[PDB]
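Colleague:
Protein chains in written order, with the authors' numbering: chain A, 1 to 306; chain A', 1 to 306. A prime marks a further copy of an entry chain.
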């Protein structure tokens, strides 16, 4: 029983975090095999970050302009290249702690664990969702650039995020491990801001199922709705439209609880129209949207507290 | 910016988790140096758990009745003894991944990270607080017994919790690493239940400071209160009394934000009397009490967004 915002165990990623310094700029890198991946902004002075030409800045650098430290050992950079917004620093030592890994780009509405790191030293781990507007509501301070987000499946680490910057609203923006930004953001100093966001409806429904699995049903009702009728209410409350694929994804949770997906939609519609009336669901007074159907299935018992 | 329920990086603990089997019962153990620590309930059949005499059950066991597996390697048990509610299985191999560690018992109101584990394999990591009633609101399924809770300070792992059982309300109970239960609970099948709980007032105040540090002040007011006048309101809302030591602990947060502790108490008093009026604080619609002053200082910038 219980339901928590649960991250994946971070050890496999901890063994990959290093410190990268170029000039007076220091940030985190990811050491996999004989390559260290880090944000290309490491080559910029704060003067440069306003209007940087990264190709022009990088051609003026040599391998020995890059200082990479893994704990107490200094790794020798033997090559360097830029791929989109990341630098790839080839080093003379392959990381003996390299896990099985993939570079995967995630979809808005999906979740991942973040290992917050400073000066190559891991500080904390937490769960995040990619927002519909391609920002993440992370927790990051100066020095966290290059921290990574990931999921783990059968000892294989799927890296999906590298942290780059904080936006004026305090939310965060970054790239996949190929250096391609999530959303309309750039690694330069501009007035860029997060666009309008929405609530991840399929995740809210999954979380309502999580509450039922743990033995709570107070928000349920005898009503049902059509997919079209629910989406008309969802649009009014800034919720994303629900698709038939979303209904199919919620199938296993619907079967375990005996509550049809469109029946749970009727419950959500009532919760949106009436609020919670002083009550809580899984310890929250808001409708939580940062748990995917997979997250619920992974954490909740396979047997419902009937 | 941002504020998340952030756990410590779990790698140092992952390298210590093993599987312990005795008869048909399997759970998790903690392998430090040449000793494996696990709940003594591993020696019980489910028949035994109603009224077990553990000394009588243990004397009937030999070293070879205990099967310990660390990944794929089986460790040979060369000794065994019981200390309170934990078993200590001496093995013939010292764990080469043993971190610097301590066995510390925590106080109600303090926080720790939990590495949820099943069959000796870590599954997830999350933050928990020890409740005033000595339960934890964890997330645990069958097979999680022996999972541990910990804090990390300068590469030293302070182990503070080993998981034992789930109570009828879905909350969790366990011991320190010396096998002594937190709270009035026992490792046998009884009608035991969680006692009445309260809200951790000092943590709520710390969390309000965290909100101010990140740039939010909507809940503040021009009023102040005396420590006695606040505690009269705290008692009515099932909040713990605030001590002068608590005020002293909040000193650094009060100085960083320029908000006197008794001024923040006035804000909390108003929030308790009037609710939030549809507004949120740090993404929550409830007053959060599972962040300590230390947790806030560790995660928040040292500079307040003025």
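Heads up, the beta-carbon is just placed ideally off N, CA and C, and yes, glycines get one too.
Going straight from the alpha carbon of residue 195 (chain A') to that of residue 168 (chain A'), what length do you get?
Modeller: 11 angstroms
Colleague: Looking at chain A', which residues of the stretch 188-205 of chain A have a Cβ within less than 7 angstroms of any of its Cβ atoms?
Modeller: none
Colleague: Does residue 101 (chain A') have its Cβ less than 7 angstroms from a Cβ in chain A?
Modeller: no
Colleague: Give, in chain order, every residue of the stretch 275-292 of chain A whose Cβ lies closer than 9 angstroms to some Cβ of chain A'.
Modeller: 275, 276, 278, 280, 283, 284, 285, 286
Colleague: Give a yes or no on whether the C-beta atoms belonging to residue 239 (chain A) and residue 292 (chain A) are separated by under 7 angstroms.
Modeller: no
Colleague: Using a cut-off of 9 angstroms between C-beta atoms, extract the partners of residue 137 (chain A') located in chain A.
Modeller: 2, 4, 283
Colleague: Grouping DSSP H, G and I as helix and E and B as strand, with all else coil, what is residue 240 (chain A')?
Modeller: coil
Colleague: Identify whether residue 65 (chain A') lies in helix, strand or coil by the three-state DSSP scheme.
Modeller: helix
Colleague: Determine, using beta carbons only, whether residue 14 (chain A') comes closer than 7 angstroms to chain A.
Modeller: yes
Colleague: For the alpha helix (DSSP H) that contains residue 264 (chain A), what are its first and last residues?
Modeller: 261-274
Colleague: Taking only beta-carbon atoms, is residue 303 (chain A') less than 7 angstroms away from chain A?
Modeller: At a cut-off of 7 angstroms between C-beta atoms, residue 303 (chain A') does not count as an interface residue with respect to chain A.
Colleague: State yes or no: is the C-beta of residue 117 (chain A) within less than 7 angstroms of the C-beta of residue 210 (chain A)?
Modeller: no
Colleague: Leaving out five residues on either side along the sequence, give the residues of the same chain with a beta carbon under 8 angstroms from the beta carbon of residue 60 (chain A).
Modeller: none
Colleague: Around the Cβ of residue 218 (chain A), are there at least 16 other Cβ atoms within 10 angstroms (buried) or fewer (exposed)?
Modeller: exposed
Colleague: Please confirm if residue 141 (chain A') has its CB atom under 7 angstroms from at least one CB of chain A.
Modeller: When Cβ-Cβ separations below 7 angstroms define contact, residue 141 (chain A') makes contact with chain A.
Colleague: Taking the alpha helix (DSSP H) that residue 184 (chain A') belongs to, which residues open and close that run?
Modeller: First-last for residue 184 (chain A'): undefined, no H or E at that position.
Colleague: Cβ-heavy atom distance between residue 288 (chain A) and the ligand SAM below 6 angstroms?
Modeller: Within the structure as shown, the ligand SAM is missing, as the structure has no ligands at all.
Colleague: Chain A' beta carbons: is any one of them nearer than 7 angstroms to that of residue 118 (chain A)?
Modeller: So no, residue 118 (chain A) is outside the interface.
Colleague: Which residues does DSSP list as the beta-bridge partners of residue 166 (chain A')?
Modeller: A':172
Colleague: Tell me which residues of the stretch 237-256 of chain A' have at least one Cβ-Cβ distance to chain A shorter than 7 angstroms, keeping chain order.
Modeller: none
Colleague: Would you please verify whether the beta carbon of residue 20 (chain A') is less than 7 angstroms from any beta carbon of chain A?
Modeller: So no, residue 20 (chain A') is outside the interface.
Colleague: Taking one C-beta from the stretch 76-84 of chain A and one from the stretch 131-140 of chain A each time, how about it: are there three or more such pairs within less than 8 angstroms?
Modeller: The way I'd put it, the stretch 76-84 of chain A doesn't touch the stretch 131-140 of chain A; fewer than three beta-carbon pairs between them come closer than 8 angstroms.
Colleague: Decide if residue 5 (chain A) is buried, meaning its Cβ has at least 16 other Cβ atoms within 10 Å, or exposed.
Modeller: In the assembly as shown, residue 5 (chain A) is a buried residue. Its beta-carbon has 16 or more other beta-carbons within 10 Å.
Colleague: CA-CA distance, residue 191 (chain A') and residue 185 (chain A')?
Modeller: The C-alpha of residue 185 (chain A') is placed about 10 angstroms away from the C-alpha of residue 191 (chain A').
Colleague: Find out if the Cβ-Cβ distance for the pair residue 83 (chain A), residue 179 (chain A) is shorter than 7 angstroms.
Modeller: yes
Colleague: By the DSSP assignment, the alpha helix (DSSP H) with residue 207 (chain A') in it spans what residues?
Modeller: 201-213
Colleague: Looking at the structure shown, is residue 81 (chain A') part of a helix, part of a strand, or coil, going by DSSP?
Modeller: strand
Colleague: Under 7 angstroms Cβ-Cβ, which residues of chain A' neighbour residue 122 (chain A)?
Modeller: Chain A' residues near residue 122 (chain A): 9.
Colleague: State buried or exposed for residue 203 (chain A'), treating a residue as buried only when at least 16 other CB atoms are found within 10 Å of its CB.
Modeller: Here residue 203 (chain A') is buried. Its C-beta has 16 or more other C-beta atoms within 10 Å.
Colleague: Checking contacts by CB at 7 angstroms: is residue 212 (chain A') closer than that to chain A?
Modeller: no
Colleague: Identify whether residue 228 (chain A') lies in helix, strand or coil by the three-state DSSP scheme.
Modeller: Residue 228 (chain A'): helix per DSSP, three-state reduction.
Colleague: Identify the continuous alpha helix (DSSP H) that holds residue 13 (chain A) and give its terminal residues.
Modeller: 11-14
Colleague: Could you tell me the alpha carbon to alpha carbon distance between residue 287 (chain A') and residue 282 (chain A), rounded to whole angstroms?
Modeller: 15 angstroms
Colleague: Using a cut-off of 9 angstroms between C-beta atoms, extract the partners of residue 328 (chain A) located in chain A'.
Modeller: Residue coverage of chain A in this structure runs from 1 to 306, which leaves residue 328 (chain A) outside it and unanswerable.
Colleague: For the beta strand (DSSP E) that residue 112 (chain A') lies in, which residues bound it at each end?
Modeller: 111-118
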